[PDB]
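First the structure, in the form of structure tokens, and then the observations on it.
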Amino acid sequence: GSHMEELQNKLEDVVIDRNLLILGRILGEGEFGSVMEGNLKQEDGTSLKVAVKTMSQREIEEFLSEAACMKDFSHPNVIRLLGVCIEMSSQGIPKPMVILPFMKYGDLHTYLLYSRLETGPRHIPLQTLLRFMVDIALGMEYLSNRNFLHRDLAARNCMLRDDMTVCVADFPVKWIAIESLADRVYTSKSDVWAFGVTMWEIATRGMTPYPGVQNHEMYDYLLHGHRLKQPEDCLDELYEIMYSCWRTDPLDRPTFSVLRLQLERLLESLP
Ligand SMILES: CCOc1cn(-c2ccc(F)cc2C)nc1C(=O)Nc1ccc(Oc2ccnc3cc(OC)c(OC)cc23)c(F)c1
Ligand SMILES: [Cl-]
Ligand SMILES: [Cl-]
Ligand SMILES: [Cl-]
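What the sequence shown shows, in the authors' numbering, is residues 567 to 621, 627 to 742, 763 to 862, in sequence order.
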């Protein structure tokens, strides 16, 4: 059928030959895996700076399928997946690799924190904070419009491009909507909740959500109607937008499209 035809098309495009790739220095390293800088040789003989994340048969095919879908996304506020390679361990375990364009500014969360230090990015003005929120909304609007559920939206999963555009990516209790803590259920309105938390991380220039509240106490804290507090110097109108993301009933939360225009309107009004 066409459903399967489109899957086979996407799969054909996503794989990159291992020898078109050279891996350089480690950028990050954990239990999950590692991220390294690299170069990728393209069709025209020229090379591109990339980041490469490195993570039985079923798992690999799941990974390829998922990758194939990500690569087909095309939006300036969603990270572009250039492709994937599968390397094999000397103990016969596959080592899957995801290849993305290298973004020197790194993840939004760290950049917010560096901005509060003298050597870092300079102080980020309000207009630029809102622009980051608008960028994220635009990426999420695109993804929700094709019913992709993110499941882990947070500032640590947003990346900054060379031209300061933010894009949605994906490398957790305090980002999880109240209904998904309770009923282990997840919709786009659960993503809206996480977006609200992400807005608050941006407006606080990288604070951890819910100071004074431990993860084990989070469901109960929210059950009693408590929410993230309004940041110091956060405009009342901006706070209302984020607060709307945490309404107990998912159907009462605005969509990403509604949010995006609310944020654009606020941004245009700023003197
Ligand atoms: C919205 C869904 O997006 C995804 C789905 N998946 C996914 C999930 C499951 C699966 F089976 C398959 C895929 C493809 N991965 C992503 C994704 O965005 N991955 C990703 C994101 C960021 C990564 O890191 C970097 C990229 C670019 N420049 C960096 C620069 C750095 O320092 C200066 C840097 O320091 C650490 C890290 C950088 C990265 F290596 C990988
Ligand atoms: Cl190499
Ligand atoms: Cl902090
Ligand atoms: Cl709080």
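Heads up, the beta-carbon is just placed ideally off N, CA and C, and yes, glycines get one too.
- For residue 677, the shortest separation between its Cβ and any heavy atom of ligand 1 lies below 7 Å.
- The alpha-carbon of residue 841 is positioned some 23 Å away from that of residue 794.
- Between the beta-carbon of residue 768 and that of residue 784 there is about 4 Å, and that keeps the pair under the 8 Å contact cut.
- When DSSP states are grouped into helix, strand and coil, residue 780 belongs to the helix group.
- Rounded to whole angstroms, residue 650 and residue 735 show a C-alpha spacing of 13 Å.
- Applying a distance threshold of 6 Å between residue Cβ atoms and the heavy atoms of ligand 3 selects 797, 798, given in chain order.
- Inter-residue distance for residue 576 and residue 612 is about 24 Å (C-alpha atoms, whole angstroms).
- Just so you know, the alpha carbons of residue 586 and residue 608 end up roughly 8 Å apart.
- Residue environment analysis places residue 598 among the exposed positions, since fewer than 16 neighbouring C-beta atoms fall within 10 angstroms of its C-beta.
- When C-beta atoms of the stretch 815-828 are compared with those of the stretch 676-689, fewer than three pairs fall below 8 Å, so the two segments do not count as touching.
- Here residue 712 carries a helix assignment [DSSP, helix/strand/coil].
- Under DSSP, residue 678 shares a beta bridge with 730.
- Cβ-Cβ separation between residue 836 and residue 786: approximately 6 Å, consistent with a contact (criterion under 8 Å).
- Excluding its 5 nearest sequence neighbours in each direction, residue 698 has C-beta neighbours in its own chain below 7 Å: 858, 861, listed in chain order.
- Between ligand 2 and residue 582, a heavy atom-to-CB distance of less than 7 Å is absent.
- DSSP places residue 605 in no alpha helix (DSSP H) but in the uninterrupted beta strand (DSSP E) bounded by 600-607.
- The beta carbon of residue 687 is closer than 7 Å to those of 796 in its chain, skipping five residues each way along the sequence.
- A distance criterion of 7 Å places the beta-carbon of residue 783 beyond contact range of ligand 1, judged by its closest non-hydrogen atom.
- Straight through space, the alpha carbons of residue 665 and residue 809 are spaced by roughly 38 Å.
- Linking residue 674 to residue 739 through their CA atoms gives a straight-line distance of about 13 Å.
- Excluding five sequence positions before and after residue 593, the CB atoms of its chain that fall closer than 7 Å to its own CB belong to 601, 602, 603, 617, given in chain order.
- Around the beta carbon of residue 844, 16 or more other beta carbons lie within 10 angstroms, which makes this residue buried.
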